[PDB]
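This document contains two forms of one protein chain, each encoded as structure tokens and listed individually as structure 1 and structure 2.
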Structure 1
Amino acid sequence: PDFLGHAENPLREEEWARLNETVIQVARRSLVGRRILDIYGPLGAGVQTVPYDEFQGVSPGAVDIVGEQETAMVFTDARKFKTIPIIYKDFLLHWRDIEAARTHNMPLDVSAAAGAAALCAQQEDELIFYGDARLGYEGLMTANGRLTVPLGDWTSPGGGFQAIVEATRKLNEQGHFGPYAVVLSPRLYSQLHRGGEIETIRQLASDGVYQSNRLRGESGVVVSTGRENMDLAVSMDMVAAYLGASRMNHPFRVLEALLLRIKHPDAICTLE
């Protein structure tokens, strides 16, 4: 009956709620790029470009009684705008499957939506860490002015410290300090659990040490957690949309419009 037409929404309220719940929970339990970046806010689908700051040029303040001394104003070094990309993934549902879910009262399948959400979340993490090259986007792993630090010995008693403490002192020597957030590759984050060194590294930091599968074999970062240091412009959040019944097979698509803007590149350190 329903498929004998072209309708705007091939799903009822409860089915749509379940569809959104699945994608949201998959994003919650899969996203790690959101665990090292603060967010600018829900700007809206209309917003497609945001100003890029690049606060690489700073000057010290003045010390005067009358406040007539000249200090260069802190502002964008070169006013630039970056268009917000969109991350999307498509999945198809069979009209007979919706019919079976409705009539038989069996729960509707949203496992394809879960898979699409997982792929979209992995792609978001990949974009956040390793910036896209064709679109000219920089990432935390690859950015100019990054304060590269050698890790070398990691399998010693305090290998984690030979890189973490050096990174912390380098970031502090640049004026960037405070609650640190540390990310390691799964290999390093696993091998560093040898003798409780994870607790010492967490004591060194303040926001914690996470693991991201998108990182390479032996790589990691330590970053300042300030919204001033780094931000995540959110044009529109992870959501599910309908693409119109092509041949009565209903296609849907998970969507997410995010952009990583690094205001101060010195707040990031790569334990290369």
Structure 2
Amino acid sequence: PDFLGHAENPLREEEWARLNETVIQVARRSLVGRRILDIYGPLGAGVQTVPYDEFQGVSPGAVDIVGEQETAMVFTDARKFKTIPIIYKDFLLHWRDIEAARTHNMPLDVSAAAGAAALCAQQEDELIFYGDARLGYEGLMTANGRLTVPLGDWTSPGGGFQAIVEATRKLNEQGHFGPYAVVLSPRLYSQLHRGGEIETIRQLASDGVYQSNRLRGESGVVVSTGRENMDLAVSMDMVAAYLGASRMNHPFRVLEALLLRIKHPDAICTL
């Protein structure tokens, strides 16, 4: 009877919940980007633009008896106010499946939702680690002033740790001493486990050495985790929305509004 009309809320609160836990757990296991960087608090659905800050140059601070140095970061001559994109994916649910779940009193099948959420999280990781290049957004691998460190021999056990060291030294001379987070391509990430080197890299980082599929070829980035160097503005988190109905089925969209803003471009170091 309910499926005879274009239904407003086809699912009741039980399956809406079940969908919410499904998406939240799938994404939570899937995500590799959020772990690297702290999110900026939830602004809301209305917010679409946030102040994009740049802080080129270093003002490490002052020591004084009388506090007269007057040091203070300078705002960029023109605030750019970058806009917040939308990351989304779509999945179908069959009306016969919904009614079968309702009459059977059995859990509803949300495999399509889990797949859509995993793909949306993967696309989020792509946006974080690489710029859109059509929207004009700036990624970790496309940022100006990436502090490229050459990668010479890499398979001898000393070399892998040495390259991370040298990247740390570059960050040191550029002014960032904060905790380090290391993100590696799958190839060299798996390779690094040959000599137990991964634990040493993790200890040097002190915040986590993780692996991302999206990085292609050799790809290691060391990034000061701290706020005021990189941030993730969240307008609205992972949600599921109902895209009307067509052909009696029920399309839905896994949705999130994220923006990665690199406040200080010298806080990252690619290989």
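In this text, rigid core is short for the largest set of C-alphas that superpose within 1.5 Å between two forms. Residue 1 is the first residue of structure 1, and the numbers go on in sequence order from there.
- Once both forms are fitted on their rigid core, the CA atom of residue 76 lies 2 Å or more apart between the two structures.
- In the core-superposed comparison between the two structures, the C-alpha atom of residue 237 has shifted by less than 2 angstroms.
- Annotation: Cα of residue 46 displaced by less than 2 Å between the two structures, core superposition.
- Relative to the superposed rigid core, residue 23 shifts its CA by 0.7 Å between the two structures.
- Its Cα shifted by 2.5 Å, residue 162 is compared between the two structures on a rigid core fit.
- In this core superposition, residue 8 moves its Cα by 1.5 Å between the two structures.
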